[PDB]
């Protein structure tokens, strides 16, 4: 699967096996909550961006959803736990946000990597680890 923008000559072939070793722009962990909100400036019409999900319990098991031209072009393979899995464009600044909100279960714990192609290489702009736990402190 390809990410990035053909018009900007910045396309990258996704290799999920390489994601673990990529240094993310920002990285954090939530316990008992799965809400990832990734911030993309100056997204072009043809640019494919998205979110990879690597299961906590098997690093080889990776899901993906993809966004292009303000529409979801690929859902997670399992959407039953999804509360929100879509993008939106802000009005006051030229920013597109990708929202991934899911029920936290033994099947959604893991690593969520917000992806972008830059100069034909895969970047991770934000990485969120999700773990079980009590939302209420």
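Numbering follows the first chain given and starts at 1.
Higher mean CA temperature factor between 107-115 and 89-97: 89-97, per the PDB entry. Stretch comparison (9-17 versus 123-131) by mean CA B-factor in the PDB entry places 9-17 on top. Per the PDB entry, 44 shows the highest C-alpha temperature factor of the residues 44, 56, 36, 29. Ranked within its chain, residue 61 lands in the middle third, by CA B factor from the PDB record. Ranked within its chain, residue 79 lands in the highest third, by CA B factor from the PDB record.
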